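See below for work_5.cif, which holds mmCIF, C-alpha atoms and all ligand atoms.
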data_model
#
loop_
_atom_site.label_atom_id
_atom_site.label_comp_id
_atom_site.auth_asym_id
_atom_site.auth_seq_id
_atom_site.Cartn_x
_atom_site.Cartn_y
_atom_site.Cartn_z
CA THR A 1 123.08 148.47 98.89
CA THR A 2 121.23 145.26 99.58
CA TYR A 3 122.34 145.43 103.21
CA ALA A 4 120.84 148.91 103.52
CA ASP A 5 117.61 147.61 101.94
CA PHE A 6 117.51 144.83 104.56
CA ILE A 7 117.87 147.26 107.45
CA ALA A 8 115.16 149.49 105.91
CA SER A 9 112.75 146.55 105.61
CA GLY A 10 112.08 146.38 109.35
CA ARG A 11 112.51 142.59 109.19
CA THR A 12 115.85 142.30 110.93
CA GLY A 13 114.39 141.03 114.21
CA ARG A 14 113.08 137.63 115.11
CA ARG A 15 110.44 136.46 112.66
CA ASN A 16 107.25 134.66 113.60
CA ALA A 17 105.55 131.86 111.74
CA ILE A 18 102.27 132.46 109.98
CA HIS A 19 99.09 130.63 109.08
CA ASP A 20 95.47 131.14 108.01
CA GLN B 1 126.37 103.94 101.38
CA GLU B 2 124.87 100.64 102.62
CA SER B 3 126.03 101.86 106.02
CA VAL B 4 123.69 104.86 105.64
CA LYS B 5 120.85 102.51 104.70
CA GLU B 6 121.49 100.30 107.78
CA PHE B 7 121.65 103.31 110.11
CA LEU B 8 118.39 104.75 108.76
CA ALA B 9 116.56 101.43 109.04
CA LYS B 10 117.52 101.12 112.72
CA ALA B 11 116.63 104.78 113.30
CA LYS B 12 113.14 104.15 111.84
CA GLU B 13 112.64 101.09 114.05
CA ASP B 14 113.59 103.14 117.11
CA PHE B 15 111.39 106.08 116.12
CA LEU B 16 108.31 104.02 115.29
CA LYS B 17 108.34 102.20 118.64
CA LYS B 18 108.23 105.59 120.43
CA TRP B 19 105.90 107.20 117.89
CA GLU B 20 103.34 104.43 118.35
CA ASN B 21 103.59 104.32 122.18
CA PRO B 22 104.52 107.83 123.37
CA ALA B 23 105.89 108.46 126.84
CA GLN B 24 103.54 110.44 129.12
CA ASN B 25 103.68 112.05 132.54
CA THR B 26 107.35 111.56 133.32
CA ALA B 27 107.83 114.47 135.80
CA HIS B 28 105.96 117.22 137.68
CA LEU B 29 106.25 120.98 137.84
CA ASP B 30 107.24 121.01 141.50
CA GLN B 31 110.45 119.09 140.65
CA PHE B 32 111.87 122.15 138.87
CA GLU B 33 113.04 125.59 139.98
CA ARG B 34 112.13 128.16 137.30
CA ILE B 35 115.01 130.54 136.70
CA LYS B 36 114.84 132.62 133.46
CA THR B 37 112.88 133.00 130.26
CA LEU B 38 115.00 132.06 127.22
CA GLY B 39 112.41 132.69 124.54
CA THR B 40 108.74 133.14 123.82
CA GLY B 41 105.99 131.85 121.53
CA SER B 42 102.28 132.11 120.88
CA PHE B 43 101.11 130.04 123.85
CA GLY B 44 103.96 130.42 126.28
CA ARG B 45 107.67 130.41 126.72
CA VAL B 46 110.84 128.37 127.17
CA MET B 47 112.53 128.79 130.54
CA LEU B 48 115.79 127.68 132.09
CA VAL B 49 114.89 125.37 134.99
CA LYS B 50 116.85 123.37 137.57
CA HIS B 51 115.76 119.80 138.41
CA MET B 52 115.97 120.06 142.15
CA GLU B 53 116.69 116.37 142.93
CA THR B 54 119.86 116.35 140.79
CA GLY B 55 120.79 120.00 140.27
CA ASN B 56 120.76 119.44 136.49
CA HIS B 57 119.56 122.30 134.29
CA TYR B 58 117.09 121.98 131.44
CA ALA B 59 114.97 124.15 129.14
CA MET B 60 111.25 123.84 129.80
CA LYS B 61 108.58 124.84 127.29
CA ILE B 62 105.31 125.87 129.02
CA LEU B 63 102.11 126.13 126.94
CA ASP B 64 98.81 127.51 128.17
CA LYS B 65 96.10 124.98 127.15
CA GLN B 66 93.33 127.58 126.90
CA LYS B 67 95.46 129.76 124.57
CA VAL B 68 96.18 126.76 122.40
CA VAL B 69 92.45 125.94 122.13
CA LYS B 70 91.62 129.63 121.44
CA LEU B 71 93.91 129.71 118.37
CA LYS B 72 92.72 126.24 117.29
CA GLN B 73 96.16 124.60 117.62
CA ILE B 74 95.41 121.38 119.58
CA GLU B 75 96.67 119.15 116.77
CA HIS B 76 99.97 120.94 116.20
CA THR B 77 100.87 121.08 119.91
CA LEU B 78 100.03 117.43 120.51
CA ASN B 79 102.13 116.51 117.48
CA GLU B 80 105.06 118.66 118.61
CA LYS B 81 105.47 116.66 121.81
CA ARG B 82 104.84 113.34 119.99
CA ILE B 83 107.69 114.12 117.62
CA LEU B 84 110.03 115.40 120.33
CA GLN B 85 109.64 112.29 122.44
CA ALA B 86 110.20 109.95 119.46
CA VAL B 87 113.22 111.29 117.59
CA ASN B 88 116.88 110.75 118.36
CA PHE B 89 119.65 112.48 116.40
CA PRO B 90 122.81 114.45 117.36
CA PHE B 91 121.41 117.74 116.01
CA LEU B 92 117.85 117.51 117.37
CA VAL B 93 117.23 118.84 120.88
CA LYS B 94 116.58 115.99 123.31
CA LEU B 95 113.39 115.73 125.31
CA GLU B 96 113.94 114.65 128.92
CA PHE B 97 110.44 114.85 130.40
CA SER B 98 106.89 115.88 129.63
CA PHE B 99 103.75 116.37 131.65
CA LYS B 100 100.65 118.51 132.06
CA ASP B 101 98.59 120.03 134.87
CA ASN B 102 95.23 121.81 135.12
CA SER B 103 96.44 124.80 133.11
CA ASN B 104 99.52 124.00 131.06
CA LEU B 105 101.47 121.55 128.92
CA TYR B 106 105.19 121.13 129.74
CA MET B 107 108.16 119.80 127.73
CA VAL B 108 111.49 119.62 129.55
CA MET B 109 114.39 119.38 127.13
CA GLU B 110 118.15 119.73 127.00
CA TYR B 111 119.32 123.24 127.76
CA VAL B 112 121.39 124.43 124.86
CA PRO B 113 123.56 127.17 126.32
CA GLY B 114 125.23 128.78 123.31
CA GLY B 115 122.17 130.81 122.34
CA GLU B 116 120.26 131.08 119.09
CA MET B 117 122.12 131.21 115.80
CA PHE B 118 119.97 134.29 115.12
CA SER B 119 121.85 136.13 117.88
CA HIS B 120 125.28 135.26 116.59
CA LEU B 121 124.44 135.96 112.93
CA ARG B 122 123.00 139.43 113.65
CA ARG B 123 125.95 140.20 115.96
CA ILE B 124 128.75 139.19 113.52
CA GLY B 125 126.73 140.23 110.45
CA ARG B 126 127.51 137.20 108.32
CA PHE B 127 129.39 133.94 108.46
CA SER B 128 132.36 132.95 106.26
CA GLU B 129 131.59 130.20 103.73
CA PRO B 130 133.40 127.52 105.83
CA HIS B 131 131.46 128.64 108.94
CA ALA B 132 128.15 128.61 107.05
CA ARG B 133 129.06 125.23 105.49
CA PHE B 134 129.76 123.71 108.92
CA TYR B 135 126.21 124.59 110.02
CA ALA B 136 124.64 123.71 106.67
CA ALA B 137 126.13 120.18 106.76
CA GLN B 138 124.42 119.55 110.10
CA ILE B 139 121.09 120.62 108.67
CA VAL B 140 121.59 118.39 105.58
CA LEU B 141 122.14 115.35 107.79
CA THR B 142 119.21 116.33 110.05
CA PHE B 143 116.86 116.54 107.07
CA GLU B 144 118.16 113.20 105.75
CA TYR B 145 117.18 111.73 109.10
CA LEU B 146 113.83 113.55 109.43
CA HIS B 147 112.78 112.92 105.82
CA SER B 148 113.59 109.18 106.21
CA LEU B 149 110.91 109.20 108.96
CA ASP B 150 108.52 111.09 106.64
CA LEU B 151 108.78 114.25 108.78
CA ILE B 152 108.66 117.64 107.07
CA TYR B 153 110.06 120.25 109.48
CA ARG B 154 108.59 123.34 107.78
CA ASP B 155 110.25 125.94 110.04
CA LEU B 156 113.93 126.18 109.36
CA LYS B 157 115.44 129.56 110.29
CA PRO B 158 118.25 130.85 112.55
CA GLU B 159 115.73 131.54 115.36
CA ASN B 160 115.24 127.78 115.79
CA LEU B 161 118.89 126.66 115.64
CA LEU B 162 120.53 126.68 119.07
CA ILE B 163 124.29 126.37 119.45
CA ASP B 164 125.57 123.92 122.04
CA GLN B 165 128.70 123.90 124.21
CA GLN B 166 130.76 122.32 121.42
CA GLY B 167 129.51 124.82 118.81
CA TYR B 168 127.20 122.33 117.08
CA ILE B 169 123.55 122.92 116.24
CA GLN B 170 120.50 121.64 118.02
CA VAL B 171 117.26 122.13 116.11
CA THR B 172 114.23 123.22 118.24
CA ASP B 173 110.55 124.09 117.88
CA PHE B 174 108.78 121.29 116.01
CA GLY B 175 105.52 123.13 116.46
CA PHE B 176 104.05 122.42 113.03
CA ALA B 177 106.27 119.66 111.59
CA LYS B 178 104.14 117.00 109.92
CA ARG B 179 104.58 113.28 109.41
CA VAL B 180 103.25 112.53 105.90
CA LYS B 181 104.52 110.21 103.25
CA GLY B 182 103.39 112.34 100.30
CA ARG B 183 101.93 115.82 100.07
CA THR B 184 100.26 118.34 102.29
CA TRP B 185 98.51 121.68 101.76
CA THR B 186 98.49 123.95 104.81
CA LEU B 187 99.93 127.49 104.66
CA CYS B 188 102.65 127.21 107.33
CA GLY B 189 106.16 128.47 107.90
CA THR B 190 107.92 131.82 108.21
CA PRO B 191 107.54 134.26 105.26
CA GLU B 192 111.19 134.61 104.19
CA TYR B 193 111.61 130.79 104.27
CA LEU B 194 108.46 129.70 102.38
CA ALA B 195 108.86 127.76 99.17
CA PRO B 196 106.80 129.05 96.21
CA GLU B 197 104.48 125.98 96.15
CA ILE B 198 103.34 126.78 99.68
CA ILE B 199 102.61 130.42 98.87
CA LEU B 200 100.78 129.49 95.68
CA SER B 201 98.31 127.15 97.57
CA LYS B 202 99.53 124.01 95.80
CA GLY B 203 100.29 120.61 97.25
CA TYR B 204 103.82 120.28 98.54
CA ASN B 205 106.24 117.79 100.03
CA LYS B 206 109.51 117.52 101.92
CA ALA B 207 111.19 119.53 99.11
CA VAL B 208 110.06 122.67 100.91
CA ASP B 209 112.70 121.90 103.57
CA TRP B 210 115.42 121.88 100.85
CA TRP B 211 114.17 125.27 99.57
CA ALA B 212 114.39 126.54 103.14
CA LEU B 213 117.98 125.21 103.40
CA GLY B 214 118.78 127.38 100.37
CA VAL B 215 117.33 130.37 102.21
CA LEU B 216 119.28 129.56 105.38
CA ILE B 217 122.61 129.13 103.60
CA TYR B 218 122.05 132.40 101.76
CA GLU B 219 121.18 134.20 105.00
CA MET B 220 124.18 132.76 106.83
CA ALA B 221 126.62 133.67 104.08
CA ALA B 222 125.17 137.11 103.15
CA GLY B 223 123.75 138.17 106.52
CA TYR B 224 120.30 138.83 105.03
CA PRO B 225 117.91 136.43 103.29
CA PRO B 226 117.41 136.20 99.51
CA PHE B 227 113.83 137.53 99.63
CA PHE B 228 112.75 140.33 101.95
CA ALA B 229 110.43 143.32 101.94
CA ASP B 230 108.48 145.43 104.46
CA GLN B 231 105.40 143.17 104.50
CA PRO B 232 104.86 139.42 103.95
CA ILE B 233 102.68 139.95 100.82
CA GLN B 234 105.63 141.63 99.08
CA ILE B 235 108.07 138.94 100.26
CA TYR B 236 105.78 136.33 98.69
CA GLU B 237 105.87 138.17 95.34
CA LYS B 238 109.66 138.04 95.35
CA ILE B 239 109.76 134.35 96.26
CA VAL B 240 107.42 133.26 93.45
CA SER B 241 109.19 135.48 90.87
CA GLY B 242 112.15 133.07 90.74
CA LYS B 243 114.69 135.91 90.84
CA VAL B 244 117.61 135.81 93.22
CA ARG B 245 120.66 138.09 93.31
CA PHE B 246 123.87 137.11 95.13
CA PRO B 247 126.51 139.29 96.87
CA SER B 248 129.76 139.78 94.96
CA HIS B 249 131.63 137.76 97.61
CA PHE B 250 129.65 134.52 97.11
CA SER B 251 131.77 131.79 95.58
CA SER B 252 130.84 130.24 92.27
CA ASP B 253 130.20 126.90 94.00
CA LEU B 254 127.93 128.53 96.56
CA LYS B 255 125.93 130.31 93.85
CA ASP B 256 125.49 127.08 91.89
CA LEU B 257 124.25 125.23 94.98
CA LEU B 258 121.80 127.99 95.83
CA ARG B 259 120.40 128.16 92.31
CA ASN B 260 119.59 124.43 92.66
CA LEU B 261 118.08 124.72 96.17
CA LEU B 262 116.20 127.94 95.41
CA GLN B 263 114.75 126.28 92.33
CA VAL B 264 111.14 127.32 91.87
CA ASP B 265 110.23 124.21 89.86
CA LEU B 266 110.10 121.58 92.61
CA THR B 267 110.65 118.78 90.04
CA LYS B 268 114.16 120.23 89.40
CA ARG B 269 115.05 121.15 92.96
CA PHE B 270 118.07 119.57 94.64
CA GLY B 271 116.99 117.17 97.33
CA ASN B 272 113.87 116.23 95.36
CA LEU B 273 115.50 114.46 92.36
CA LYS B 274 116.09 110.72 91.85
CA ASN B 275 119.36 110.75 93.76
CA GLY B 276 117.73 112.72 96.60
CA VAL B 277 119.94 114.19 99.27
CA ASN B 278 123.09 112.88 97.57
CA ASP B 279 122.89 115.66 94.95
CA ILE B 280 123.46 118.09 97.80
CA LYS B 281 126.00 116.02 99.70
CA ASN B 282 128.10 115.53 96.53
CA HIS B 283 127.84 119.15 95.33
CA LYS B 284 131.15 120.96 94.86
CA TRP B 285 130.42 123.43 97.67
CA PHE B 286 130.48 120.46 100.09
CA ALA B 287 133.65 118.87 98.65
CA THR B 288 135.66 119.56 101.88
CA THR B 289 132.84 118.18 104.07
CA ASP B 290 133.52 114.88 105.83
CA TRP B 291 129.92 113.86 106.42
CA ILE B 292 130.71 111.07 108.87
CA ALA B 293 132.95 113.42 110.88
CA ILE B 294 130.18 116.05 111.07
CA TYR B 295 127.71 113.38 112.30
CA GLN B 296 130.28 112.24 114.86
CA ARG B 297 130.91 115.84 116.00
CA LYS B 298 134.64 115.40 115.29
CA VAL B 299 135.02 118.51 113.12
CA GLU B 300 136.37 121.54 115.01
CA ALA B 301 133.59 124.11 115.31
CA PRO B 302 134.25 127.64 113.96
CA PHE B 303 132.61 129.29 116.98
CA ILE B 304 132.56 127.97 120.56
CA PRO B 305 130.22 130.04 122.75
CA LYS B 306 131.28 131.49 126.09
CA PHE B 307 129.99 129.36 128.99
CA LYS B 308 130.51 130.02 132.72
CA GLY B 309 129.36 126.73 134.20
CA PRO B 310 125.93 125.16 134.65
CA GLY B 311 122.86 127.37 134.52
CA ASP B 312 124.71 130.23 132.81
CA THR B 313 122.32 132.13 130.52
CA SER B 314 124.61 134.92 129.31
CA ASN B 315 124.10 134.05 125.59
CA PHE B 316 120.34 134.68 125.84
CA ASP B 317 118.47 137.97 125.74
CA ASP B 318 116.02 139.25 128.37
CA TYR B 319 112.28 138.66 128.42
CA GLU B 320 109.56 139.86 130.78
CA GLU B 321 108.93 137.20 133.41
CA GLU B 322 105.51 135.92 134.49
CA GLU B 323 104.92 133.49 137.39
CA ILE B 324 103.31 130.22 136.26
CA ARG B 325 99.64 130.11 137.28
CA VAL B 326 97.97 126.73 137.80
CA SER B 327 94.14 126.77 137.99
CA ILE B 328 92.23 124.76 140.61
CA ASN B 329 90.04 123.45 137.75
CA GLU B 330 91.28 121.21 134.94
CA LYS B 331 91.22 123.05 131.58
CA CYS B 332 90.62 121.24 128.29
CA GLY B 333 91.22 117.73 129.67
CA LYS B 334 89.59 115.74 126.87
CA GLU B 335 91.33 117.82 124.19
CA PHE B 336 94.84 117.09 125.57
CA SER B 337 94.30 113.49 126.79
CA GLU B 338 97.13 112.21 124.62
CA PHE B 339 99.76 114.64 125.86
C1 LIG A 401 101.63 129.65 113.43
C2 LIG A 401 100.77 128.84 114.42
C3 LIG A 401 99.35 128.85 113.88
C4 LIG A 401 101.12 127.33 114.52
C5 LIG A 401 102.36 127.08 115.36
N1 LIG A 401 102.18 127.63 116.72
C6 LIG A 401 102.85 127.01 117.81
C7 LIG A 401 103.06 125.62 117.82
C8 LIG A 401 103.70 124.99 118.85
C9 LIG A 401 104.14 125.74 119.93
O1 LIG A 401 104.83 125.16 120.95
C10 LIG A 401 103.93 127.11 119.97
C11 LIG A 401 104.41 127.89 121.12
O2 LIG A 401 103.56 128.44 121.80
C12 LIG A 401 105.80 128.15 121.49
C13 LIG A 401 106.10 128.54 122.81
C14 LIG A 401 107.39 128.85 123.18
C15 LIG A 401 108.41 128.84 122.22
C16 LIG A 401 109.76 129.23 122.57
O3 LIG A 401 109.95 130.00 123.51
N2 LIG A 401 110.80 128.84 121.74
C17 LIG A 401 112.17 129.38 121.85
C18 LIG A 401 112.14 130.81 121.28
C19 LIG A 401 111.59 130.87 119.86
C20 LIG A 401 112.62 130.54 118.77
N3 LIG A 401 113.04 129.14 118.88
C21 LIG A 401 113.95 128.89 120.01
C22 LIG A 401 113.19 128.38 121.25
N4 LIG A 401 114.12 128.00 122.32
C23 LIG A 401 114.37 126.67 122.65
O4 LIG A 401 113.61 125.75 122.23
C24 LIG A 401 115.54 126.37 123.48
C25 LIG A 401 115.77 125.01 123.83
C26 LIG A 401 116.85 124.64 124.58
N5 LIG A 401 117.75 125.60 125.04
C27 LIG A 401 117.53 126.92 124.75
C28 LIG A 401 116.44 127.33 124.00
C29 LIG A 401 108.12 128.47 120.89
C30 LIG A 401 106.81 128.17 120.52
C31 LIG A 401 103.30 127.75 118.91
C32 LIG A 401 101.81 129.07 116.83
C33 LIG A 401 100.76 129.53 115.80
#

Could you quickly redo this structure as structure tokens?
Amino acid sequence: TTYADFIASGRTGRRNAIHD
Amino acid sequence: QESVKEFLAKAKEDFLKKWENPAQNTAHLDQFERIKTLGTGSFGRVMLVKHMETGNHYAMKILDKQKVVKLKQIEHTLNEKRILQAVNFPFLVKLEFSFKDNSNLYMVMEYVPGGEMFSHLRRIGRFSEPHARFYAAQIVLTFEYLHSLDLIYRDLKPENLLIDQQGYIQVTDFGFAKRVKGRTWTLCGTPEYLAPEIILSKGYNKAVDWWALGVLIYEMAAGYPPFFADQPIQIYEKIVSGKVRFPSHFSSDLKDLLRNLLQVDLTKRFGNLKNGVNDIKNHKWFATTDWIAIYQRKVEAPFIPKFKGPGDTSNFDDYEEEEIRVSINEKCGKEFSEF
């Protein structure tokens, strides 16, 4: 399921901003 | 509708006066008891503090000047405080004081005790459409306000939306918002929330905030964002592909809104057309939304956080504490003169 895919992604925690 | 125009003109007058003559040095570290870390960032942390003269609690951001200079972020951090001290809107966190010492920059703002939306969303899994809509409406009005001042936020996500005592949102962390009339070019934002024109190294405008609203609404209603993968590079591929799938439980109205917010062609994206924000406000998914009542905070909130009196931090998670160190030598004085 898409939910299962989300958990598998490792990106369920707080996400940081990015830059160059 | 002329009433909106009048309100925005006065709001711009108020903002510009503060923007052009920013307040400086309105408190000192020794006036606050530091209690608990509520969150962290690249150069420091936000702590619950108590103003000792009054007993009032606030949230204080502390930034290490030398760390800011190391990562080459003088301009963004100066701008963050300049914006915070200038804006005034029901869903933007309110700055109370700011100051600096030999080591650090400090911003003392309203303490928003309900915790981060991130917390509540991950705990419940997903929000009902009415619950998501309640929060989305607040962000629509906030972007109408910010965009009228030529401010692109660039970092919408549940992590930055705090829930207050009444269950309404307060937006935080203006750490790379930019005041520009037209376009800008920097790669900035959080991977899952980046519009395709950012990723593709094109010029972009305030329409990136409307793309990000599409991402937020999707995440609130589904419990996971429209584009995710193990690594940012793979997320970016999904975003630029223009392909979004919706859960079976999404309403037809919600799907139609999202297709127009998550529109890859920025010249066709809702919020960026001739009628601007009104294409969103008048969309069928918002038909039950009383926009004036949301602004006035007169709509009953779907979720009212537990609060046990002043200084209660039970809705926040736990972070490793560090005592604030203040050097006997001034660090980076010239660089931060304006703060
Ligand atoms: C990607 C970059 C190149 C450019 C942007 N950078 C940047 C810019 C400005 C900054 O102030 C910083 C920071 O160091 C910084 C330092 C501390 C925090 C911070 O702790 N923020 C918390 C936690 C993060 C998620 N947002 C919620 C926020 N909490 C609150 O603001 C809050 C306010 C009132 N009541 C309760 C909480 C956020 C950012 C970092 C970092 C690097």

Item to check | At most 6 Å from ligand LIG 401 (chain A) (only C-alpha atoms and all ligand atoms): residue list as a PyMOL selection string | outcome: (chain A and resi 17-19) or (chain B and resi 38-46+59+61+63+76-77+110-112+159-160+172-173+175-176)

Item to check | Proximal residues of chain A relative to chain B (only C-alpha atoms; 8 Å) as number ranges by chain | outcome: A: 3, 6, 8-11, 14-20

Item to check | Surrounding residues of range 286-292 of chain B excluding itself and chain neighbours under 3 positions, 10 Å, only C-alpha atoms, as a list in words | outcome: residues 4, 130, 133, 134, 136, 137, 138, 140, 141, 253, 254, 257, 280, 281, 282, 283, 295, 296, 297, 298 and 299 of chain B

Give me the residues near residue 66 in chain B as a PDB file with C-alpha atoms, keeping the file's coordinate frame, where near means some atom within 8 Å (using all atoms listed in the file) and where sequence neighbours in that chain fewer than 5 positions away do not count.
ATOM      1  CA  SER B 103      96.440 124.800 133.110  1.00  0.00           C
ATOM      2  CA  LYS B 331      91.220 123.050 131.580  1.00  0.00           C
ATOM      3  CA  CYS B 332      90.620 121.240 128.290  1.00  0.00           C
TER       4      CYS B 332
END

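What separates CA of residue 168 in chain B from CA of residue 301 in chain B is a distance of 6.9 Å.
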
Residues within 10 Å of residue 241 in chain B, all atoms listed in the file, excluding chain neighbours under 4 positions, as a short mmCIF file (atom, residue, chain, number, x, y, z; two decimals) with C-alpha atoms, in the frame of the given file:
data_model
loop_
_atom_site.label_atom_id
_atom_site.label_comp_id
_atom_site.auth_asym_id
_atom_site.auth_seq_id
_atom_site.Cartn_x
_atom_site.Cartn_y
_atom_site.Cartn_z
CA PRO B 196 106.80 129.05 96.21
CA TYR B 236 105.78 136.33 98.69
CA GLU B 237 105.87 138.17 95.34
CA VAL B 264 111.14 127.32 91.87
#

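Atom pair CA of residue 100 in chain B / CA of residue 326 in chain B has a distance of 10.4 Å (rounded to one decimal).
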
Item to check | Non-local contacts of residue 86 in chain B (6 Å; only C-alpha atoms; under 6 positions in same chain excluded) as a list in words | outcome: residues 15, 18 and 19 of chain B

Next on the checklist: Could you tell me how far CA of residue 169 in chain B sits from CA of residue 285 in chain B, in Å to one decimal place?
Outcome noted: 19.8 Å

Checklist entry - Nearest to residue 1 in chain B among B:294, B:278, B:104, B:194, with distances taken over all atoms listed in the file: which residue is it? => result B:278

Next on the checklist: For residue 107 in chain B, find every residue with an atom within 7 Å (counting all atoms listed in the file), except residues of its own chain fewer than 5 positions away, and show them as a PyMOL selection string.
Outcome noted: chain B and resi 60-62+97-99

Can you take range 257-274 of chain B from the block and write N, CA and C atoms as a PDB file, in the first residue's frame?
ATOM      1  N   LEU B 257      -9.034  20.243  -6.499  1.00  0.00           N
ATOM      2  CA  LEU B 257      -8.215  21.311  -5.953  1.00  0.00           C
ATOM      3  C   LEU B 257      -6.727  20.967  -6.059  1.00  0.00           C
ATOM      4  N   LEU B 258      -6.380  19.752  -5.648  1.00  0.00           N
ATOM      5  CA  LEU B 258      -4.992  19.340  -5.610  1.00  0.00           C
ATOM      6  C   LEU B 258      -4.386  19.280  -6.985  1.00  0.00           C
ATOM      7  N   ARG B 259      -5.152  18.842  -7.984  1.00  0.00           N
ATOM      8  CA  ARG B 259      -4.632  18.826  -9.348  1.00  0.00           C
ATOM      9  C   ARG B 259      -4.279  20.246  -9.836  1.00  0.00           C
ATOM     10  N   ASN B 260      -5.011  21.248  -9.346  1.00  0.00           N
ATOM     11  CA  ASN B 260      -4.755  22.638  -9.700  1.00  0.00           C
ATOM     12  C   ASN B 260      -3.685  23.319  -8.864  1.00  0.00           C
ATOM     13  N   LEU B 261      -3.433  22.835  -7.646  1.00  0.00           N
ATOM     14  CA  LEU B 261      -2.313  23.339  -6.836  1.00  0.00           C
ATOM     15  C   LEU B 261      -1.002  22.665  -7.182  1.00  0.00           C
ATOM     16  N   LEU B 262      -1.067  21.346  -7.381  1.00  0.00           N
ATOM     17  CA  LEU B 262       0.059  20.510  -7.776  1.00  0.00           C
ATOM     18  C   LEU B 262       0.165  20.474  -9.306  1.00  0.00           C
ATOM     19  N   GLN B 263       0.040  21.651  -9.887  1.00  0.00           N
ATOM     20  CA  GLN B 263       0.111  21.831 -11.326  1.00  0.00           C
ATOM     21  C   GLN B 263       1.543  22.162 -11.682  1.00  0.00           C
ATOM     22  N   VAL B 264       2.170  21.345 -12.497  1.00  0.00           N
ATOM     23  CA  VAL B 264       3.588  21.521 -12.780  1.00  0.00           C
ATOM     24  C   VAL B 264       3.856  22.784 -13.600  1.00  0.00           C
ATOM     25  N   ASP B 265       2.941  23.129 -14.485  1.00  0.00           N
ATOM     26  CA  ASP B 265       3.062  24.318 -15.306  1.00  0.00           C
ATOM     27  C   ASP B 265       2.623  25.514 -14.456  1.00  0.00           C
ATOM     28  N   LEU B 266       3.587  26.310 -13.995  1.00  0.00           N
ATOM     29  CA  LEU B 266       3.263  27.388 -13.055  1.00  0.00           C
ATOM     30  C   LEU B 266       2.327  28.459 -13.635  1.00  0.00           C
ATOM     31  N   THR B 267       2.236  28.543 -14.966  1.00  0.00           N
ATOM     32  CA  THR B 267       1.319  29.471 -15.626  1.00  0.00           C
ATOM     33  C   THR B 267      -0.147  29.018 -15.578  1.00  0.00           C
ATOM     34  N   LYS B 268      -0.393  27.791 -15.097  1.00  0.00           N
ATOM     35  CA  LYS B 268      -1.730  27.216 -14.958  1.00  0.00           C
ATOM     36  C   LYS B 268      -2.089  26.884 -13.503  1.00  0.00           C
ATOM     37  N   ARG B 269      -1.161  27.167 -12.608  1.00  0.00           N
ATOM     38  CA  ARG B 269      -1.328  26.804 -11.214  1.00  0.00           C
ATOM     39  C   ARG B 269      -2.240  27.760 -10.433  1.00  0.00           C
ATOM     40  N   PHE B 270      -3.193  27.192  -9.697  1.00  0.00           N
ATOM     41  CA  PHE B 270      -4.070  27.993  -8.864  1.00  0.00           C
ATOM     42  C   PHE B 270      -3.256  28.802  -7.888  1.00  0.00           C
ATOM     43  N   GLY B 271      -3.655  30.054  -7.737  1.00  0.00           N
ATOM     44  CA  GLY B 271      -2.938  31.021  -6.942  1.00  0.00           C
ATOM     45  C   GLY B 271      -2.054  31.911  -7.774  1.00  0.00           C
ATOM     46  N   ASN B 272      -1.738  31.487  -9.004  1.00  0.00           N
ATOM     47  CA  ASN B 272      -0.850  32.224  -9.889  1.00  0.00           C
ATOM     48  C   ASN B 272      -1.534  32.691 -11.194  1.00  0.00           C
ATOM     49  N   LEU B 273      -2.850  32.551 -11.246  1.00  0.00           N
ATOM     50  CA  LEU B 273      -3.644  33.013 -12.398  1.00  0.00           C
ATOM     51  C   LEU B 273      -4.143  34.434 -12.169  1.00  0.00           C
ATOM     52  N   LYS B 274      -4.854  34.979 -13.156  1.00  0.00           N
ATOM     53  CA  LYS B 274      -5.306  36.382 -13.121  1.00  0.00           C
ATOM     54  C   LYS B 274      -6.118  36.734 -11.883  1.00  0.00           C
TER      55      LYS B 274
END
